[PDB]
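Beneath this line is the structure, given in structure tokens, with notes to follow.
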Amino acid sequence: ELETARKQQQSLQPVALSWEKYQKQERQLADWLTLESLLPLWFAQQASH
Amino acid sequence: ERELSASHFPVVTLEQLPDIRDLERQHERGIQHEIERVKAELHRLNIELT
Amino acid sequence: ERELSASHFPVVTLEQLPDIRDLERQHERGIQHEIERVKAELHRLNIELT
């Protein structure tokens, strides 16, 4: 029983690691997407000026 | 948003103003390039996660 | 290549020539939209295959 719980948790932990670093890359992508939309607005401001 | 866009993006001189839209295309290409690069890394990372 | 691009891509006369560049860019935007749609499908299918 102890070994079973051990193995279950041990396998799950790398899943948590991958999930969290994936979340980090997801936030990075969301931010990059934000910059993409702001690029037309920014260069439109500058072009108007 | 203006702070971020100014920190990331440049501004052009008066007579090189026609070039600003070349910079628009170049910056759009760069933003999309980084978006897809991070997206593909997220792709492979999701592969590993699954 | 020319026949292939033409068969998919519209061509317009002179009266909108300045706007034809923006039409080309909008067409490119739609092409990239289909690119990302197909790529999302490929993502899903790669997940399933793995």
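Just so you know, the sequences run in chain order A, B and C.
Note that the numbering used here has the first sequence beginning at 13, numbered continuously upward.
Note that the numbering used here has the second sequence beginning at 401, numbered continuously upward.
Note that the numbering used here has the third sequence beginning at 401, numbered continuously upward.
Note that the Cβ used here is the ideal one computed from N, Cα and C, for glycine as well.
Asked	Found
Which term fits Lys36 of chain A, buried or exposed, when burial requires 16 or more other beta carbons within 10 angstroms of its beta carbon?	exposed
With DSSP as the reference, label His61 of chain A as helix, strand or coil.	coil
Can you tell me whether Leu414 of chain B is helix, strand or coil according to DSSP?	coil
For chain B, is any of its Cβ atoms less than 8 Å away from the one on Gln20 of chain A?	no
Shorter than 8 Å from the beta carbon of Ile431 of chain C to some beta carbon of chain B?	no
Going by DSSP in three states, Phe409 of chain B sits in which element: helix, strand or coil?	coil
Would you please verify whether the beta carbon of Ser30 of chain A is less than 8 Å from any beta carbon of chain B?	yes
Along chain C, in chain order, which residues have C-beta atoms closer than 7 Å to that of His443 of chain B?	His443
List, in order along the chain, the chain A residues whose C-beta lies closer than 8 Å to that of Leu449 of chain B?	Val27, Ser30, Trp31, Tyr34
I want to check one thing, is the minimum distance from the CB of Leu47 of chain A to the heavy atoms of the ligand GTP below 7 Å?	Ligands are entirely absent from the displayed structure, and the ligand GTP is therefore not among its contents.
In chain B, which residues lie less than 7 Å from residue 1 of chain A when you measure between Cβ atoms?	With chain A covering 13 to 61 only, the question about residue 1 of chain A has no answer from this structure.
Tell me which residues share the same chain as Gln21 of chain A and place their Cβ nearer than 7 Å to its Cβ, disregarding the 5 neighbours each side in the sequence.	none
Closest to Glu403 of chain B by CA distance: which of A:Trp44, A:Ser60, A:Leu50 is it?	A:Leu50
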